[PDB]
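A quick write-up on the structure given underneath.
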Amino acid sequence: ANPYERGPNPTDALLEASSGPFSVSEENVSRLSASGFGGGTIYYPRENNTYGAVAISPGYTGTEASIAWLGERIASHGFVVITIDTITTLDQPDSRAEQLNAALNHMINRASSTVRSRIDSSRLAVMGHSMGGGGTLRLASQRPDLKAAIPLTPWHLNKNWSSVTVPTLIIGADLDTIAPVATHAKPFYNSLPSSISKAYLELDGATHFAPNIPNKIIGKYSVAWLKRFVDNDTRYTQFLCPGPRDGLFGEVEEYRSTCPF
Ligand SMILES: [Cl-]
Ligand SMILES: [Cl-]
Numbered sequence: 001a002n003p004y005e006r007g008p009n010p011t012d013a014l015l016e017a018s019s020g021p022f023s024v025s026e027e028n029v030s031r032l033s034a035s036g037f038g039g040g041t042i043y044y045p046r047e048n049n050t051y052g053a054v055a056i057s058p059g060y061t062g063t064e065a066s067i068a069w070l071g072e073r074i075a076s077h078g079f080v081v082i083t084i085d086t087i088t089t090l091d092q093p094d095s096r097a098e099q100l101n102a103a104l105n106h107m108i109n110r111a112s113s114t115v116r117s118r119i120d121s122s123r124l125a126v127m128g129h130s131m132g133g134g135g136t137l138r139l140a141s142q143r144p145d146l147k148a149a150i151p152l153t154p155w156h157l158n159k160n161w162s163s164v165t166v167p168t169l170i171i172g173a174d175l176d177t178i179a180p181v182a183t184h185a186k187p188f189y190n191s192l193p194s195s196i197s198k199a200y201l202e203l204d205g206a207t208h209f210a211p212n213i214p215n216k217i218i219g220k221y222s223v224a225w226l227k228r229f230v231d232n233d234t235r236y237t238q239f240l241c242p243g244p245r246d247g248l249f250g251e252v253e254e255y256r257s258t259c260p261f
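Encoded structure:
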């Protein structure tokens with residue numbers, strides 16, 4: 001049996017809820033004590049166990065407030081999650097990649113024993129919004145030991161991510177005029193190797209700012225992806241394969257994947 005399984009057997013309704021089954025506490029990280037990034041908040045499950053750890057970046061002009069809901073929701077499904085502030089809010093994707101890496105290292109090495117005792121440092125993931133999603137792709141290309149990557153409405157001038165080996169879920173937004181899916185999210189997904197576990201989920205009726213507002217579909221599929229790949233939790237394959245409905249009258253605009261994985 002899988003030693004990394006946490007929490008009850010999942011259902012659609014459990015993943016769509018505003019909170020998962022774990023109570024969550026928070027640890028503040030000050031800007032100055034955050035070596036290589038701008039501080040942030042660590043959310044963790046109160047139940048003592050070891051969990052995978054996730055670092056999440058905002059985008060250009062964004063602060064951790066724009067991603068806080070998602071950090072707390074993911075932590076409530078059984079993850080230690082840091083939502084970061086960047087060194088400046090105008091940092092570019094490849095800078096955000098370095099800061100995500102710094103934040104992972106902070107959680108493992110420099111956070112309190114309350115946080116560190118709950119982290120399985122061999123099971124790490126990264127996520128980010130917009131330029132933070134571009135930073136997610138860059139770090140995933142640089143760190144094949146990561147267990148999952150989730151770029152949310154990502155922006156990056158580099159379209160070629162054929163070097164990425166990490167299981168990657170790209171979430172695009174159909175109405176996005178800031179990082180249009182035709183020039184960012186879809187080219188990124190298409191350049192990822194066909195031989196990795198990957199998926200593309202395009203939200204219906206959503207703008208670039210959809211990740212900054214509590215969103216049932218972003219929360220559901222982020223958690224399912226992290227469960228399946230950070231925890232190797234095959235109880236969550238059912239949500240990814242075949243995935244959300246995308247036909248006429250569907251849950252999303254489009255879903256693609258390399259299932260069965
Ligand atoms: Cl949506
Ligand atoms: Cl929603």
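The authors' numbering applies: residue 1 is where the sequence shown begins, and numbers increase by one. From the three backbone atoms N, C-alpha and C, an ideal C-beta is built for every residue, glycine too.
Nearest neighbour of residue 96, chosen from 125, 7, 33 and 59 [CA to CA]:
59
Consider the C-beta atom of residue 48 and the heavy atoms of ligand 3; say whether any pair is separated by less than 6 angstroms.
Although ligand 3 was asked about, the structure shown includes only ligand 1 and ligand 2 as ligands.
Have a look at 210, 161, 56 and 163 and flag the residue whose alpha-carbon is nearest the alpha-carbon of residue 179.
210
Using the C-alpha atoms, what's the distance from residue 150 back to residue 74?
12 angstroms
Which residues does DSSP list as the beta-bridge partners of residue 202?
172 and 254
Endpoints, the alpha helix (DSSP H) within which residue 133 is located
131-142
Distance between residue 132 and residue 107 (C-alpha atoms, nearest Å):
18 angstroms
Pair within 7 angstroms by beta-carbon distance, residue 194 and residue 163:
no
CB-CB under 6 angstroms to residue 253, same chain, minus the five flanking residues each way: which ones, in chain order?
174, 202 and 204
Per-residue DSSP class, three states only, for residue 12:
helix
Could you tell me whether the Cβ atoms of residue 146 and residue 115 are closer together than 7 angstroms?
no
Look at the alpha carbon of residue 264 and the alpha carbon of residue 182, and state the distance between them as a whole number of angstroms.
Given a span of 1 to 261 for the chain in the structure shown, any question on residue 264 remains unanswerable.
Could you check how far apart the C-beta atoms of residue 134 and residue 93 are, in whole angstroms? I think they sit under 8 angstroms.
3 angstroms
Are residue 9 and residue 235 touching if we call contact CB-CB under 7 angstroms?
yes
With a Cβ-Cβ cutoff of 7 angstroms, do residue 67 and residue 82 count as a contact?
no
For residue 221, the nearest candidate out of 185, 30, 156 and 70 (CA to CA):
70
For residue 32 and residue 39, I'd like the C-alpha separation in whole angstroms.
7 angstroms
Residue 112 burial status per 10 Å Cβ neighbour count (16 or more: buried)
exposed
Put residue 33 into one of helix, strand or coil per three-state DSSP.
coil
Could you check what DSSP says for residue 276 in three-state terms: helix, strand or coil?
Residue 276 is absent from the structure shown; the chain starts at 1 and stops at 261.
Let me know if residue 18 comes out buried or exposed under the rule of 16 or more other beta-carbons within 10 Å of its beta-carbon.
exposed
Could you spell out the range, first to last residue, of the beta strand (DSSP E) harbouring residue 51?
51-57
Give me the DSSP bridge partner(s) of residue 83.
41 and 56
At a cut-off of 6 angstroms, would you count residue 212 as near ligand 2, judging by its Cβ distance to the nearest heavy atom?
no
Answer yes or no: do residue 63 and residue 85 have a C-beta to C-beta separation smaller than 7 angstroms?
yes
Start and end residues, alpha helix (DSSP H) containing residue 185:
185-191
Would you report the Cα separation of residue 65 and residue 136, rounded to the nearest angstrom?
18 angstroms
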